[PDB]
Amino acid sequence: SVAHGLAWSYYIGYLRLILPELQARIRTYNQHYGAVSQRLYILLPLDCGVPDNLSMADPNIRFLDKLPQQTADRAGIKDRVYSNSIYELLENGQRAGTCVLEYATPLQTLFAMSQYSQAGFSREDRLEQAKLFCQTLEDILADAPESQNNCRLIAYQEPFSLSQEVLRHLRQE
Amino acid sequence: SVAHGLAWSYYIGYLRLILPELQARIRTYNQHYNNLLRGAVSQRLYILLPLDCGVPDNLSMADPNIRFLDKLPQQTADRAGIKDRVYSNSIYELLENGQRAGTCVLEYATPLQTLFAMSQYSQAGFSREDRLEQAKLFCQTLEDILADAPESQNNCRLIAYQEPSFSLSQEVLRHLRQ
Ligand SMILES: COc1cc2sc(C(=O)CCC(=O)O)cc2cc1OCCOc1c(OC)cc2sc(C(=O)CCC(=O)O)cc2c1F
């Protein structure tokens, strides 16, 4: 299926390559400077809405800083750069958490495919595929311990506070 | 279909975002960063599509006649919560009989490695013998998508190949020369 392949590709092509190096980047950041929490918090909106700016989705999510970049030679790209961003999570005007956060970009592929006729992908099948992307990613991570411990999957449907969604996960350690 | 979705994702999640900005980066390199005496880096991103799904990280290892020249100026864009997400791309010189025959921006289409890994892992439910058919479908779907994205189609060239002694530099040069 479309979503099964996308979850495998997001793991093989991205998570497998950044998650074993994330802990050291967060520690380096924290040693230089409350501490940024460990783990990459991966946003998984089941509606497949992937905005580029997080403060726009929720003003209680405020950009703090970029984590020091990771570079690696990848598929002929010398020093391919992996950038990740750190956000503060506010609750009633107070800082309640600080974490590395981003959306799983393959969910945007499902959104685009449901818009373009040539993709042969209907909007009516998009939610089932979004759920299958999340489930497959959870299944893969259950067999990759170092990656599983370095990320947290944040799946949600809006009928909303995105910061409260992230904080609930951050608060379960 | 695994490869159909991967081609759509490689276009939507990568090529659509870098190809409209590539021409300016190559021009900037040629005007201000290229060695004054060398020939101009060719336009277009040359995308390697090995149908065996073998994606090495170092190109000079695949063929010594492919030599790393320089990294293009990086492109940055806010992407999915990543502020100033960085897109880096590499320039290579292609040698023929010890002399420089071409210079271009070159990389492998990384989703072909996903097909390779899926064909290896039991949990991927992707049989070993399905690799080639999926690789061909990935290439065909990507060609189909690009045929409807004019700026992108003119900013890249798809280099699909099967190995039987093979020369990857000759494969790239044949495309560069057309
Ligand atoms: C190879 O497969 C994937 C690689 C990456 S790298 C990547 C990220 O860096 C996250 C941030 C971003 O999407 O820009 C996400 C994915 C997803 C992947 O699986 C879905 C396939 O569609 C996508 C894709 O779908 C969203 C995104 C990208 S970004 C990208 C590159 O930067 C090229 C070099 C490299 O692969 O490291 C390639 C793809 C891409 F192929």
Side-chain angles (χ1 to χ4, degrees), chain A residues 2-19 21-22 40 42-44 48 50-52 66-67 69-85 100-113 119 129-130 133 136-137 140 151, chain B residues 1-19 22 45 47-49 53 55-57 59 71-72 74-90 105-118 124 134-135 138-139 141-142 145 156:
Chain A
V2 173
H4 168 89
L6 299 179
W8 274 89
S9 201
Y10 184 64
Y11 173 74
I12 298 293
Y14 181 57
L15 299 181
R16 169 180 72 91
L17 300 170
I18 65 150
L19 298 179
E21 295 296 337
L22 189 69
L40 179 60
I42 301 171
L43 300 172
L44 301 163
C48 296
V50 175
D52 293 321
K66 297 193 279 209
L67 195 56
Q69 62 185 224
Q70 172 188 346
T71 66
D73 293 340
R74 176 71 180 147
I77 302 164
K78 293 277 189 172
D79 306 323
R80 194 284 206 203
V81 174
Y82 303 92
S83 318
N84 309 84
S85 293
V100 186
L101 189 64
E102 56 198 60
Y103 287 94
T105 48
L107 290 174
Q108 183 166 82
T109 298
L110 294 180
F111 188 85
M113 292 177 75
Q129 289 298 297
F133 175 83
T136 308
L137 190 58
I140 293 161
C151 78
Chain B
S1 154
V2 166
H4 167 87
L6 297 180
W8 276 89
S9 201
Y10 184 63
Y11 174 73
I12 298 294
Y14 183 58
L15 298 182
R16 169 180 73 92
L17 300 170
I18 65 149
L19 298 182
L22 188 68
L45 174 65
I47 301 170
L48 298 173
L49 301 163
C53 299
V55 175
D57 293 320
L59 270 165
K71 300 191 294 201
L72 216 45
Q74 313 174 323
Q75 175 189 349
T76 65
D78 291 340
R79 176 70 181 147
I82 303 164
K83 192 196 157 76
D84 304 323
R85 193 285 206 203
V86 173
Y87 303 92
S88 198
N89 309 83
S90 294
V105 186
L106 189 65
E107 56 197 60
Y108 287 95
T110 46
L112 291 175
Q113 184 167 82
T114 298
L115 293 181
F116 189 86
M118 292 180 77
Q134 289 294 295
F138 176 83
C139 296
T141 308
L142 190 57
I145 294 161
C156 77

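Order of the sequence lines fixes the chain letters, A, B, ..., with proteins taken first and strands second; residue numbering starts at 1 for each chain. Side chains included, hydrogens not; waters and symmetry mates left out as well; all remaining heavy atoms used. Whatever order the structure lists ligands and atoms in, that order sets their numbers, starting from 1.
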Nearest non-hydrogen protein atom, atom 28 (C) of ligand 1 = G13(B) O, 3.9 Å
With distance as the sole test, does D78(B) use its side chain to make a donor-acceptor pair with the main-chain N or O of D84(B) at under 3.5 Å?
-> yes
Does the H4(A) side chain pair with the main chain of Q129(A), one donor and one acceptor, at a distance under 3.5 Å?
-> no
Close side-chain approach of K66(A) to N84(A), heavy-atom, < 4.5 Å = no
Ligand 1 atoms in contact with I77(A) (distance to a heavy atom under 4.0 Å) = 34 (C)
Worked check of side-chain contact (heavy atoms from CB on, under 4.5 Å) between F138(B) and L49(B) | CA-CA 9 Å; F138(B) 176 83; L49(B) 301 163; 3.7 Å; yes
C151(A) side, atom SG; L22(A) side, atom CG - distance, nearest 0.5 Å = 9.0 Å
Numbering as shown, the atoms of ligand 1 that approach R74(A) to under 4.0 Å (heavy-atom distance) = 37 (O)
Any heavy atom of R85(B) under 4.0 Å from ligand 1? The part involved is side chain
Sub-4.0 Å heavy-atom approach of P106(A) to ligand 1 | yes
By number and element, which atoms of ligand 1 are closer than 4.0 Å to a non-hydrogen atom of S9(A)?
-> 1 (C), 2 (O), 3 (C), 18 (C), 19 (O), 20 (C), 21 (C)
With backbone taken as N, CA, C and O and side chain as the heavy atoms from C-beta onward, which portion of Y14(B) lies under 4.0 Å from ligand 1: side chain, backbone, both, or neither?
-> side chain
Among non-hydrogen protein atoms, atom 26 (C) of ligand 1 lies closest to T105(A) OG1, 3.4 Å
Which pairs would a plain distance check flag for residues 104-112 of chain A, meaning a side-chain donor or acceptor within less than 3.5 Å of a matching protein atom at least two apart in sequence or in another chain?
{"unit_1": "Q108(A)", "atom_1": "OE1", "unit_2": "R16(B)", "atom_2": "NH2", "d": "3.1"}
{"unit_1": "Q108(A)", "atom_1": "OE1", "unit_2": "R79(B)", "atom_2": "NH1", "d": "2.6"}
{"unit_1": "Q108(A)", "atom_1": "OE1", "unit_2": "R79(B)", "atom_2": "NH2", "d": "2.9"}
{"unit_1": "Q108(A)", "atom_1": "NE2", "unit_2": "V50(A)", "atom_2": "O", "d": "3.3"}
{"unit_1": "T109(A)", "atom_1": "OG1", "unit_2": "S9(B)", "atom_2": "OG", "d": "2.8"}

